[PDB]
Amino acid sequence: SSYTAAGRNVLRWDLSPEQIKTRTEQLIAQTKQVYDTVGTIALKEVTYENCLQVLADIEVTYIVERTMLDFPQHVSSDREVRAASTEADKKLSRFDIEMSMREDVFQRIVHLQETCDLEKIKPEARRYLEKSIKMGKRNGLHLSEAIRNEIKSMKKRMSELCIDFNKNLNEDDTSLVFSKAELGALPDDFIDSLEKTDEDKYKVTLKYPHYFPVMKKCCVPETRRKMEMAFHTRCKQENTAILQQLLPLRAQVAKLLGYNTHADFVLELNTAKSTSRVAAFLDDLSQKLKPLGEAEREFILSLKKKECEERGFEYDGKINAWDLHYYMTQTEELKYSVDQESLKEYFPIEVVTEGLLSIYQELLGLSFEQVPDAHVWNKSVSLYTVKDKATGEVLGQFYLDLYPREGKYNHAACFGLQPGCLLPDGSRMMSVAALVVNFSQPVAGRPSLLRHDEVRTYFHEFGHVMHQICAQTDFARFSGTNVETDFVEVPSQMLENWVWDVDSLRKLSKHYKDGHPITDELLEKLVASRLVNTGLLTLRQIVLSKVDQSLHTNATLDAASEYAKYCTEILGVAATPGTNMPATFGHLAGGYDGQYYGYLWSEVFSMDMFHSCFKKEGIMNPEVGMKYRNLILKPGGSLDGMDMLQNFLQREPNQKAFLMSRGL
């Protein structure tokens, strides 16, 4: 029955470190047997059934069992359990590298593609075939046993380099000391939170919750100059030496695999296809954003002439790198004047939850229902069952993990826990997602309360949840959010547009003391502040995108001298002499190198689908809402991103609604 939820979630969240250890050993041994069975099938004897189907069946089985093993490390309250889960994940990733080089299994399905008729199977089954083979050729399984052994060795070193790149940055404990006057305009809240030293000064570390208040609030420009120099010289000379190995290594592995650059290797699985497509996209957007950034630099500079005159400071006549977050925060509090704290009194969390669940149910045609006596990894976690309003089909379930505790993931995320694919016995699996965020912890005084940028995160992360749950595919590889990486953030960013709508904000806002709405003047101050500092904030995302694209196109360039080049040519705010920002850029050694363009790439598509389709036909209209559910969310990764796009807009998308978003 695809019309109940009973029996369909049996994920266990109370596993002991011993249970995790042994389930990990048993899953590796059992999955290996299937690979082993396939790889010794005579080529005369292979079928769709005994190669491609047994591979898909073990892939679903692998994914679900893995979730019980690698997810406790992110949400559990027992440290011994989070540690078994971290070790399981390491041991299971060791197993995946091993499986990625199984040429015996790769040879069996190349043969199947060679013989069997491609037009007597399902289009998605054809896709599972073609992309499993493309997978093995992107690992070089079709190549000789000699460069493969060398490619294997080269990749194990990239792994070491990437580990050490971030381990360096995380083991850093660089601090400056300051006085109460050298920390001007910073709140008593922030300064009471700081340690004091033996010469009775205030210790400010270089970590994110210390660095960013100071750069945004401190009225002493020399304190800002010192903190920015320290911030962008973190692991300066040792992470430069890692990039000098890692980036040419990516160029070399890619050329062995038949790709010109590492960026080309990455982009093949993306909707932007090529490096020149990305390059022109990024270049023709800075030419677009140029006079808007010329206007913003002009205004910020005049704020600085004003300020230095009043405070008794010298005026150099530039916006330095340690001056930008300061006067952008002034711009936010001078032009647009939204108190982001008297506004947070209007968003209590019972109300935001209830009216976010209201919007999506009405828009997509769904029915959410909380599970009573629910198995959970924590007491504070809820469970909802998701139905289709018309049929009563149970599509899936989402957990809501809202509040911060020790051991918990401290970023916002949607974890897919179960794929909405087919099961080996012909049946359908229920989708299971987890919304994991850290909204401000409830204290016995008032209700827990949300800032507007927290409502924006709630909404962003719930469209991932709906993408995961509404998706229905035949194979687990295409299930849920498993689309292109420059497309994963379209269903998320598109629904952020709702928290910038007047009518919709009223469904979320209710003062926690009576229940009188936000007034009209405040609601209008709000949605007018959508494009504060847009130019200089968007030009700085392009700088980082041009940087990520450059180091994976020409690996013979100084990373710091490229960052300097883009900072002055695109941003208009110069990189500081002596700094090395790319040596602190954790994305280059995170999993998404060559992929930074894809968050501006994805905004254009969601701006098009919102302005040309939703804003036009009514943004709560359940006919655009069902067409969005069916032609974007439902097919998952079983169709291409630009095809799902054109089935909806009924045309190739353009940047017009994106330029009209920013106001150009």
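In case it trips you up, residue 1 is the first one in the sequence shown, and so on.
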item	value
Selected stretch [higher average CA B-factor]: 341-349 or 417-425	341-349
Which of 436-444 and 407-415 has higher mean CA B factor, as the PDB entry lists it	436-444
Candidate set 313, 208, 487, 231 [ranked by C-alpha B-factor, highest]	313
Out of 367, 275, 509, 431, highest CA B-factor residue	509
Residue 643 - which third its CA temperature factor falls in, relative to the rest of the chain	highest
Among modelled residues of the same chain, the CA temperature factor third for residue 598	lowest
Position of residue 637 among the chain's modelled residues by C-alpha B-factor, lowest, middle or highest third	lowest
Chain third (lowest, middle, highest) by recorded CA B-factor, residue given as residue 62	lowest
Lowest, middle or highest third - CA B-factor, residue 496	highest
